[PDB]
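Written out below as structure tokens is the structure these notes cover.
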Amino acid sequence: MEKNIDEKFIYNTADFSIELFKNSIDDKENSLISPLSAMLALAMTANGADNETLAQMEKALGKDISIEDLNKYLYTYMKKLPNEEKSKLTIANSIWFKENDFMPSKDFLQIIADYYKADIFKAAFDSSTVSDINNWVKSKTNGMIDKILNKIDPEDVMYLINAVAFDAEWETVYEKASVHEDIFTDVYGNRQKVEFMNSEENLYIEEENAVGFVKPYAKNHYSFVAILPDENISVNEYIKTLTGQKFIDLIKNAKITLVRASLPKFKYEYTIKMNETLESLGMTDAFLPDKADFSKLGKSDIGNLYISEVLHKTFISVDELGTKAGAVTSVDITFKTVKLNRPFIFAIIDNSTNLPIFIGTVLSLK
């Protein structure tokens, strides 16, 4: 069942992660995605696909990596992602299907149970199912994301859902002396206070049109990457230049040197529909009712299955103690006041691979 995390998986997953990120950026709102969460929901979904639908999904997620191999990689990756006190990362997968109208295939359920440890819910798909799903997402994100849906559409027979919950303390927490209230004018022209957190860091990011730092969480399994585009490039143009290769390299090439770092406390939520991004990665058939082939999922009594929407919800809170971040990705479920003049890109990275568990932008605060 296992397949050792190797350079192929790292750089292929890095490419997916950055392509996902660079196509999920809001113009004014802070953005945040978990490539890991998206990958897992979509990889589960791909195990129900056949023919062209499957080939497109395999390529979108892994390029030359087959779904069988991606299953092994992801199973192994999830197995090895550290989860310790002060350095928590938990992953949860589930499938929800309408028992009356849908008969899931045994091979599919086995793969999903075995490689993805997915909870399998035979459901009524009524108002009580909505409660059950939301309670599940609330539990698996430790309250960070409380709802993913409000109603169930009459055509719905199966949902696939992933949740990721991250909760880590800084290796060195910010003492009171290192936190200061700074004065900003908001979009309405009113003055308010934002707390900024000072530290000494020992990894300095230096690239064309960007500087930044890497700050470790307790036990060093994960770190926080901060990247500040300079006056000669926009946030959007900087993000446009990013590739999986460039992202891994900028972390690898970080210089071991003392840096005076400043990070604002920040907290926000983000919701994005991933259909168009996924179609740009080559995954088109899956979204087409007349073309989609999800015959390996099982048999629906209401015709051929296709993906209606891929929805992504995220949450982050960065403070003096550490960072909590949460994500949900679902398949088939259908304003900040202080504008920063020094906006920045950030990532929460797995230090064993340099892969971004979470990646986002801070354009505004409060």
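Could you check how many residues of segment 102-119 are aliphatic (A, V, I, L, M), within 15 Å of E2 (Cα to Cα) and surrounded by 15 or more Cβ atoms within 10 Å (Cβ to Cβ)?
The total comes to 2.
Within segment 44-56, track down each residue that is in a helix (DSSP H, G or I), of a type outside the set (G, A, S) and surrounded by fewer than 24 Cβ atoms within 10 Å (Cβ to Cβ).
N51, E52, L54, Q56
Any residue that is touching a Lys or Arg at 6+ places or on another chain (Cβ under 6 Å), assigned to a strand (DSSP E or B), polar (S, T, N, Q) and within 27 Å of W136 (Cα to Cα) - is there at least one of those in segment 319-337?
no
For the structure I just gave you, tell me whether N142 is in a helix (DSSP H, G or I), out of contact with any helix residue (DSSP H, G or I) (no Cβ under 8 Å at 6 or more places or on another chain), within 22 Å of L40 (Cβ to Cβ) and assigned by CATH to the domain that holds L297.
Considered against the rule, which asks whether it is in a helix (DSSP H, G or I), out of contact with any helix residue (DSSP H, G or I) (no Cβ under 8 Å at 6 or more places or on another chain), within 22 Å of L40 (Cβ to Cβ) and assigned by CATH to the domain that holds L297, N142 comes out as no.
Residues of segment 1-43 being part of a loop (DSSP other than H, G, I, E, B) and of a type in the set (K, R), which ones?
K3, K28 - these are the residues of segment 1-43 that are part of a loop (DSSP other than H, G, I, E, B) and of a type in the set (K, R).
Every residue in segment 102-139 that is in a loop (DSSP other than H, G, I, E, B) and of a type outside the set (A, V, I, L, M), please.
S105, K117, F125, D126, listed by residue number.
Filter segment 57-89 for residues that are part of a strand (DSSP E or B) and surrounded by 15 or more Cβ atoms within 10 Å (Cβ to Cβ); which is nearest to the chain's Cα centre (by Cα)?
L89
Which numbered condition in (1) over 26 Å from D6 (Cβ atoms); (2) surrounded by fewer than 17 Cβ atoms within 10 Å (Cβ to Cβ); (3) under 21 Å from the mean Cα position of the chain (by Cα) is the only one that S94 fails?
(2)
Do we find that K336 is among the basic types (K, R) and under 29 Å from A49 (Cα atoms) in this structure?
Spelling it out, it is not the case that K336 is among the basic types (K, R) and under 29 Å from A49 (Cα atoms).
Which condition breaks for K296 when tested against (1) of a type outside the set (A, V, I, L, M); (2) assigned by CATH to the domain that holds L61; (3) assigned to a strand (DSSP E or B)?
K296 satisfies every listed condition except (3).
Considering only helices (runs of 4 or more DSSP H) fully contained in segment 167-280, which possess at least 1 residues that are outside the structural domain of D6 (by CATH)?
Ranges flagged: 235-241, 244-252.
Of all residues in segment 251-275, count the ones that are surrounded by fewer than 17 Cβ atoms within 10 Å (Cβ to Cβ), under 17 Å from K366 (Cβ atoms) and either of a type in the set (F, W, Y) or touching a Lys or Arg at 6+ places or on another chain (Cβ under 8 Å) (or both).
1
Quick check on this structure: which one of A49, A41 is small (G, A, S), in contact with a helix residue (DSSP H, G or I) (Cβ under 7 Å, 6 or more places away or on another chain) and under 27 Å from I333 (Cβ atoms)?
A49
Basis: the model, the stated rules and, where named, an outside source; nothing here is a laboratory result. Note that we place each Cβ from the backbone using ideal geometry, even for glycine, and neighbour counts take in every protein chain shown.
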